[PDB]
Amino acid sequence: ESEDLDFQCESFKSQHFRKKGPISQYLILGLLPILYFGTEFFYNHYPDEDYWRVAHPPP
Amino acid sequence: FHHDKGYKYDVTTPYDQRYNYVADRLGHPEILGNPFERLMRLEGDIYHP
Amino acid sequence: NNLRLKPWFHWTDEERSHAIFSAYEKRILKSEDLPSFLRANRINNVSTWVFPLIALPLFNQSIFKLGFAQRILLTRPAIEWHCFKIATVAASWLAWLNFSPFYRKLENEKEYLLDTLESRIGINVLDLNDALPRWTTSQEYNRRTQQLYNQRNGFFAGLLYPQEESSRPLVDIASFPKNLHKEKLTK
Amino acid sequence: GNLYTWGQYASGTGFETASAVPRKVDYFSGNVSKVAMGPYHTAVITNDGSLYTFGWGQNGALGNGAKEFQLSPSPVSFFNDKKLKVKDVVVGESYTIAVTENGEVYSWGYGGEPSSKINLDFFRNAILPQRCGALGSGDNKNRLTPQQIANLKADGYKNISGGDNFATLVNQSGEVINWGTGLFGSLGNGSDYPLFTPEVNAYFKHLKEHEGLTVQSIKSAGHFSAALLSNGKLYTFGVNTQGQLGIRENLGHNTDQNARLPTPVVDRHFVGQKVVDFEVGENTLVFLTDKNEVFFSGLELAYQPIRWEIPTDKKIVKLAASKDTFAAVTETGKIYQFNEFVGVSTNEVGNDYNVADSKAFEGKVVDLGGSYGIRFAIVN
Amino acid sequence: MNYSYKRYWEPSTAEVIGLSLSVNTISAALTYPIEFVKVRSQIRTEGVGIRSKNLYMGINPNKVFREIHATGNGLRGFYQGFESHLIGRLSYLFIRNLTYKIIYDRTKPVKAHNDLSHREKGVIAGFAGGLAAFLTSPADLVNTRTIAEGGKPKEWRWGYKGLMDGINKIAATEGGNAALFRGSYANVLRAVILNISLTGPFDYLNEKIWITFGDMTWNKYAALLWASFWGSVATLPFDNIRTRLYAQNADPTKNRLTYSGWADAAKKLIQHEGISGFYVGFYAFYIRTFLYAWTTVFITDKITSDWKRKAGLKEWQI
Amino acid sequence: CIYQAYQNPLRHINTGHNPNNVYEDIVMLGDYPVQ
Amino acid sequence: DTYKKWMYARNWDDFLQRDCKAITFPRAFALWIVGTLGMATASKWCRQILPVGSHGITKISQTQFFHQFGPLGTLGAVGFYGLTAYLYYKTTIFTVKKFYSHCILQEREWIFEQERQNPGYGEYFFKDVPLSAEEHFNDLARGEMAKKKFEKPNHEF
Amino acid sequence: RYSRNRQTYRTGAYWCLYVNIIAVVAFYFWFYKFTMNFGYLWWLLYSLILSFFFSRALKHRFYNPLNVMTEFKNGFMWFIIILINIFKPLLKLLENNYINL
Amino acid sequence: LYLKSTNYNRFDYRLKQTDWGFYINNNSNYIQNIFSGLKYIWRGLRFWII
Amino acid sequence: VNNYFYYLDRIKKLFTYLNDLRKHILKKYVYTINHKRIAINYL
Ligand SMILES: CCCCCCCCCCCCCCCCCC(=O)OC[C@H](COP(=O)([O-])OCC(O)COP(=O)([O-])OC[C@@H](COC(=O)CCCCCCCCCCCCCCCCC)OC(=O)CCCCCCCCCCCCCCCCC)OC(=O)CCCCCCCCCCCCCCCCC
Ligand SMILES: CCCCCCCCCCCCCCCCCC(=O)OC[C@H](COP(=O)([O-])OCC[N+](C)(C)C)OC(=O)CCCCCCCCCCCCCCCCC
């Protein structure tokens, strides 16, 4: 910054090529629907606490 | 030379060989800044090294 | 009973001093309750701005002649010796300010005045507290109380300063009209 | 000549009260030959080879078998009793080393022994290397009385100098023998481990073998050292607290914290010149180059050697460096000083120097020295 | 949650000692080949580290198992040093359980529905585990040396034929009883970390699952899986350093690396392997932890519930 | 720039546009170029 | 309100306890670490802007800051350092008090502990615990805790 | 035919973050009368507080405890020097008063 | 106050360590232009006070 | 060179790598105006 000119190099090797990387991030992505639904319903306890619990009649 | 952006005809003119300022004799203290704007840590385009 | 929380169990020193000052100003506390507390207050002031003086030669005879102090004096520049002496005196001064017998006496006198207030107006002693200015101190409120005592219990009372005896009209506050309405604005 | 001492404090000054103005040590009747001042104690060798140590005798220094202050000058009973004349002396933070005329080397002082049995040596030794001193004993044990360094002969040696916790001997053949604490490249040998016993420096041996550069001299102060080699170059190594090393190419880069190996100073400001001599003080390095030019680094002002602008009309004879001060003595005895080195200055001032008043000393200032807060002048 | 505890039946010292010894003998006998594979995986990557990339990072437990089986000793070759492992584990458990029981009985709350917070029980368990691991370090050392040899050159092997034989050889050759306690501080650190990394995570997820899904039956096993994962994450670096210190030969020549202590071992692990070099054999360590914990919890719960039902406790108190 | 000096402080008014531990301003807090 | 206060923090102890919510000891120590970093940075800034005792300088006059701005700049730097040191001392006292209370005396922020014990939707209403719920607090305790009476003040003013 | 265009918009990214904060916070406060309890996740609040002092202390390597101790000592000595040099003119004025008398 | 005071300041040595040809080192006494920073501070805040 | 802080050098490289990666991520995905990265963030 402040000492590199804002210009474009003549060579094509200055192109920003995309290369792949790690895969654990995509492990997180693959379970995204499971994690999102679990977060909402269980973590936020929606609609209420007793809905997802195993059903018991009152004494 | 800059092997990724530059050419072999990249020779910096040394500060000795650059043309001296002769247009006027009065000084131009803008290039120093001010004690006020140095104290205030203000960055100006006219005193940027 | 030492298990009952007094209404001012959370108040700071500034809040306690302001409560006492407001009680005296509002003629809840008479000038007959102040002379002890005020006296303690003055002693506390003398206990604050004299201690470093009292602590300056004493250390020169007790602490600054010790082995560690002499080592600092002999093997370090004079500015570091001054720094050591000033730091020691300032630490002693801070410890004195936090734990001073005269400060404890002043706090006890303020507690006695607050107990008298609670005996007089009951739980309404909490009505003497407000949102104090940030930089006004307990000493400043004590000085204001002392100034009010000097004004009332001295000359010019009734000439330049209001007297200590109230002359408020005798009315029935249950029926007498009030300035503020409960919910709306009135004219 | 008569001794003159001054400084910020009164530990190693030979007196009991400090004085900025020079004060004449006259316990010696003009027989002072050499003086070595550490941070807190001083050792003086007279004409007859007698050794007098004074100052703070912590960790068994001063060669008196105690750990108390001895502000007044006092002879060392180990050498005076046997009439063993001492040739040279090196004084460091809490140690003393004496080179006698027969070549034997003695040491006494702090050696790295832990102060108390209750200490955090577990975590520290898990983190930092084991503590050591400038003794050649081979163990971290304090020497309250002078004791010979086994298997070390200093006869015909070019130089001997030591820092706060390390020592170095440069022989006539250019061989460098180091011992003490080598942490952060103080010894310049490329290792941070302590050297309890003296060992030959491998880096300078490699330089003399391959590059063919012979070590002219080595001078140390604090945890910093500078070496002058066969070519007119200075190689600094140690802890760069305040820019003493003079190895910073770019003023704005704070990456020069320490140099494990001897790195050459930045030759930018004296291209084509060869260093004639140099002097090392606790936070400063002042060297004179053959164009009669004085360059300095340190004091948190110059992180690379920049020229001192004292007049070059008169040849510079002596150089001296000390904590936040330094000075240069010319042929005529005129003493230029950066900051108050002598303590008295005349009205003659210049862009970066004052002139020390000649009235402070009674005679001609033959020698100047002192690198940690207390300074001395040997005056004839 | 401080009223939520259920301690209406407290087992006696004899009961806890006998049950712990028997159940943990079974558990250790079941997972000893997994421990063997983990130790071998840690041994084979001392100066190397993890050199694969992406999903291949680490050492495959099945590959090590196949190599050890192809050695030619069969499954009995995975139980070499099991005498040392079992004796050390049983002694460690005896000392730890005795000290924990004593300090707990001196400190446990009066009410049967109250109990020490996980920090207090963690302090007690850490002290007990540190003491027991310090005392059983010779047995752990002999076991680790027995396992490690085989993945080492012939001249680097110790050749131990038992626990007493190994102890005699260590004392006689290396010299003194201080030789038996090589790397004992590593074992102490490992036991301190292991004794505090399982109770915390287990109760956390168990209670959270109960809050979410009510009183189902899978709650404790999901919480056990989670606790095993976090205990393996916390304990594995210390186990790795303990393995490195235990397997180091007395002769500095016969070592890929020489360690002068726990800190030195950690430094030389970070230098050559990096941070990820700590977690080698993580799958094996986690699987062994989960299997051992599941076996112990299952059998102990069955036995203690049977004991409680014979003590007259109601169903909600069991 | 942590432990590595990429930027050139000789060509910047204020070094500290990025979190770093290896840069120092040439014109420091108390420095004022004057005529 | 008469706008005599804006932050409504009586002192720095109140600020740290309530505004920053350093109710526990780890929070107090984290705030102390932040304050230590800030104090070190402020000291370094003051020593850089007024370099007395750094390069052999011994007098305030022999600094470029004094040449440019004079005694007003020195007063400003002294005030800045004094305020920073005052706030750091207050933070240190707060942290030491919290360490003595929570770690030595084993005191806690008990409402915070109650919130820690129940994670919002737990089922911990038990008959054995009188304080578990409002239904399980026995009526005898309610009667007994309210037996005494307040004193009637004497309106002697 | 268009001049070179800068390839980053940092002020734009932060202006949009502020727009999101304004929308959510203002709408919750106006309609739900809700204000987020920043003390619930106190360590995010600490990260906000820490960030104001982290970088400047990082520049001087104050993450090292030794540097902090050295800086404390040097700063206190600097403060003492300034105060002493302030109060010595009182002694100078006293001597001037003696000579004036 | 500046009887025996040298011309150079810290910034002068810092400048001598840089390749900034546009700035030079002061060679005369600063008594003539002393306390000019206050003048520049006034000029900076001149239109902002009211 | 028998430096005593080789592990420390590795940790220093890790810290430098983390700061460089932070700057890279911010400049490439958050502060960018490239339409492809913005579209992928949208997705
Ligand atoms: C009638 C007289 C008229 C005037 C006469 C002439 C006067 C001349 C002298 C003036 C004062 C000289 C002394 C200045 C000291 C500082 C020197 C300096 O350059 O510092 C570096 C600093 C920036 O350095 P940098 O390396 O470039 O950093 C860039 C960013 O700032 C980096 O930002 P960041 O976000 O990374 O870092 C955040 C934070 C980081 O902060 C730190 O690292 C340390 C800061 C203190 C922290 C304390 C923490 C305590 C512990 C807390 C723990 C608990 C947790 C807390 C949680 C909550 C946290 C928020 O940094 C700051 O806060 C920097 C700004 C500090 C400004 C200070 C302004 C006041 C100074 C004077 C006070 C006077 C008091 C009364 C005096 C009289 C008494 C009788 O410089 C400035 O900020 C320049 C502006 C301020 C300097 C003075 C300007 C005066 C202008 C003329 C005034 C005329 C009259 C008033 C009208 C003004 C209208 C505009
Ligand atoms: C998942 C299991 C599902 C089972 C489904 C139902 C199967 C029913 C049929 C079973 C057939 C086999 C029964 C064998 C019974 C014992 C027989 C016997 O005594 O054999 C002699 C063997 C010993 O003989 P051997 O193995 O030396 O063989 C002799 C022949 N030579 C030497 C030539 C190869 O006995 C044992 O091995 C018993 C000791 C206990 C074994 C415990 C194994 C635990 C394995 C744990 C997992 C693997 C390690 C970890 C890998 C992954 C790490 C992450």
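Residues numbered from 1 in each chain as written, not as in the entry; some residues may be left out. Chains lettered and ligands numbered in written order. Part of a larger assembly, values for the part shown. Heavy atoms only, no water.

- As recorded in the entry header, the structure was determined using cryo-EM to a resolution of 3.02 Å.

- The PDB entry annotates chain C as Cytochrome c oxidase subunit TT10 of Tetrahymena thermophila.

- The name given to chain B in the PDB entry is Transmembrane protein, putative, with the source organism recorded as Tetrahymena thermophila.

**Describing the overall build of chain C**
Part 1: On a plain count of helices and strands, chain C comes out with seven helices and zero strands.
Part 2: Start at the N end of chain C and walk to the C end: the helices and strands fall as α-α-α-α-α-α-α.
Part 3: Computed over its C-alpha atoms, the radius of gyration of chain C comes to 24 Å, more than 25% above the 16 Å expected for a compact globule of 187 residues.
Part 4: Seen through its principal axes, chain C has C-alpha atoms that stretch 80 × 40 × 40 Å.
Part 5: Looking at chain C as a whole, 37% of its 187 residues qualify as buried. (Helix = DSSP H or I, 4+ residues; strand = E, 2+ residues; numbered from the N terminus. Rg over C-alpha atoms; globule rule 2.2 N^0.38 Å. Buried < 20%, exposed > 50% of the residue type's maximum accessible area, 1.4 Å probe, protein only.)

**Section: the sheet that holds strand β4 (residues 41–46) of chain D**
Residues and elements named next belong to chain D.
Part 1: A sheet is described by the order of its strands in space; here four strands give the open sequence β3-β4-β5-β6, paired in antiparallel fashion. The open sheet is flanked by β3 (32–37) and β6 (69–75), the only strands paired with a single partner. Across the sheet, the mean angle separating the axes of adjacent strands is 10 degrees when strand polarity is ignored.
Part 2: Note: β3 against β4, five bridges, orientation antiparallel. Residue pairing in the sheet places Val 35 in a bridge with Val 44 of β4. (Pairing = 2+ DSSP bridges. Axes fitted to C-alpha atoms, helices over the stretch in contact; angles between N-to-C directions.)

**Here we look at the interface of chain G and chain H**
Part 1: Counting residues at the interface gives 30 residues for chain G, matched by 24 residues for chain H.
Part 2: Linking chain G with chain H are one salt bridge, by the criterion used here.
Part 3: For the salt bridge of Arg47(G) with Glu71(H), the shortest nitrogen-to-oxygen distance reads 2.4 Å.
Part 4: The tally of links from chain G across to chain H stands at seven residue pairs in polar contact.
Part 5: When contributions to the side of chain G that touches chain H are tallied by element, the ones reaching two or more residues are α2 (25–49) and α4 (71–104) of chain G.
Part 6: Tallying contributions element by element places α2(G) first for the side of chain G that touches chain H, with 18 residues. (Contact = heavy atoms within 4.5 Å. Salt bridge = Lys/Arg side-chain N within 4 Å of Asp/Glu carboxyl O. Polar contact = N/O pair within 3.5 Å; in protein donor to acceptor, adjacent residues only side chain to side chain.)

**Section: the site of ligand 1**
Part 1: Close to ligand 1 lie 27 residues; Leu39(B), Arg41(B), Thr41(G), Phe52(H) and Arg56(H) are nearest.
Part 2: Lying at an intersection of chains, ligand 1 is approached by residues of chains B, F, G, H and I.
Part 3: Interatomic distance of 3.5 Å between a side-chain N/O atom of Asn14(F) and an oxygen atom of ligand 1.
Part 4: Here an oxygen atom of ligand 1 sits 2.6 Å away from a polar atom, N or O, in the side chain of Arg56(H).
Part 5: Protein contact buries 61% of the 2000 Å² of open area that ligand 1 shows by itself. (Near = heavy atom within 4 Å. Areas by Shrake-Rupley, 256 points an atom, 1.4 Å probe, with all protein chains shown as cover.)

**Focus: the side chain of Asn206(E)**
Part 1: Structurally, the position occupied by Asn206(E) is in helix α8 (residues 199–213).
Part 2: A relative accessible area of 18% places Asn206(E) in the buried class.

**Remarks on the sheet that holds strand β21 (residues 293–298) of chain D**
All names here are of chain D.
Part 1: On the basis of which strands lie adjacent, the open sheet formed by four strands has the order β19-β20-β21-β22 and antiparallel pairing. Each having just a single partner strand, β19 (275–281) and β22 (302–307) make up the two edges of the open sheet. Strand-to-strand twist in this sheet, taken as the mean axis angle between neighbours without regard to direction, amounts to 15 degrees.
Part 2: Of the strand pairs in this sheet, β19 and strand β20 (residues 284–289) are connected by six bridges, and their pairing is antiparallel. Counted as the bridge partner of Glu 279 is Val 286 from β20.

**Topic: the environment of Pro305(D)**
Residue and element names in this part refer to chain D.
Part 1: Within the element layout of this structure, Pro 305 appears in strand β22.
Part 2: Among the residues examined, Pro 305 registers a relative accessible area of 0% and is labelled buried.
Part 3: For the pair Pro 305 and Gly 246, spaced 59 residues apart in sequence, the C-alpha separation works out to 5.4 Å.

**Comments concerning the state of the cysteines**
Part 1: Per the stated rule, a full pass over the model turns up zero disulfides over all chains.
Part 2: Of all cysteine sulfurs in the structure, the one in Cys103(G) sits closest to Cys20(G), which takes part in no disulfide; the separation is 19 Å.
Part 3: Free of any disulfide, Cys46(G) has its nearest neighbouring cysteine sulfur in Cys83(C), separated by 16 Å. (Disulfide = S-S within 2.5 Å.)

**Quick notes on the site of ligand 2**
Residue and element names in this part refer to chain E.
Part 1: Taken together, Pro 33, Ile 34, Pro 61, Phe 65, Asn 73, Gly 74, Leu 75, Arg 76, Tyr 79, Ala 284 and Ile 287 form the complete shell of residues around ligand 2.
Part 2: At 3.0 Å from an oxygen atom of ligand 2 is found a side-chain nitrogen or oxygen belonging to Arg 76.
Part 3: Coverage of ligand 2 by the protein amounts to 34% of the 1400 Å² it exposes when considered alone.
Part 4: For the shell around ligand 2, the secondary-structure elements that each account for two or more residues are α1 (13–43), α2 (61–73) and α11 (282–309).
Part 5: The dominant element in the shell around ligand 2, judged by the number of residues it contributes, is α2, at three residues.

**Overview of the packing of aromatic side chains**
Part 1: If you walk through the whole model with that rule in mind, you get 90 aromatic pairs over all chains.
Part 2: Residues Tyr27(D) and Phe28(D) carry aromatic rings whose centres are separated by 5.2 Å and whose planes lie at 90 degrees to one another, so their mutual orientation is edge-to-face.
Part 3: Take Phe28(D): its relative accessible area is 1%, and that puts it in the buried class.
Part 4: In this structure, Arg152(C) packs its charged tip against the face of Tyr24(C), placed 4.6 Å from the ring centre.
Part 5: When the ring centre of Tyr221(E) is taken as reference, the NZ or CZ atom of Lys220(E) above it lies at 5.6 Å. (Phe/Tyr/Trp six-rings, centres within 6.5 Å; stacked < 30°, edge-to-face > 60°. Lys NZ or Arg CZ within 6 Å of the ring centre and 35° of its normal.)

**Considerations on empty space enclosed by the protein**
Part 1: Here the structure, examined in full by the defined rule, presents five cavities of 30 Å³ or more.
Part 2: Taken as a whole, the largest cavity spans an internal volume of roughly 90 Å³.
Part 3: Together, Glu1(A), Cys1(F), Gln7(F), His12(F), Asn14(F), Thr15(F), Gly16(F), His17(F), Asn18(F), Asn20(F) and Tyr23(F) line the largest cavity.
Part 4: When the residues that make up the lining of the largest cavity are grouped by side-chain class, the tally is two nonpolar, eight polar and one charged.
Part 5: Size it by volume and the second largest cavity reaches roughly 60 Å³.
Part 6: For the second largest cavity, the full set of lining residues is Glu37(B), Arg38(B), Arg41(B), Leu42(B), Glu43(B), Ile13(F), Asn14(F) and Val27(F).
Part 7: Looking at the lining of the second largest cavity residue by residue, the classes come out as three nonpolar, one polar and four charged. (1 Å grid on protein atoms, 1.4 Å probe; cavity = no way out; pocket = protein on both sides within 12 Å on 5 of 7 lines; lining within 4 Å. Points joined across faces, edges and corners; volume = space filled by probe spheres on them. Nonpolar A, V, L, I, M, F, W, Y, C, P; charged D, E, K, R; others polar.)

**Examining the pairing of strand β5 (residues 51–56) of chain D**
Residue and element names in this part refer to chain D.
Part 1: By the criterion of burial, β5 is predominantly enclosed, with six of the six residues buried.
Part 2: As defined by bridge partners, β4 adjoins β5 across five bridges and the pair is classed as antiparallel. Bridge pairing in β5 places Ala 43 opposite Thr 53.
Part 3: Between β4 and β5, which follow one another and run antiparallel, lie four residues, and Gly 49 among them has a positive phi close to 80 degrees.

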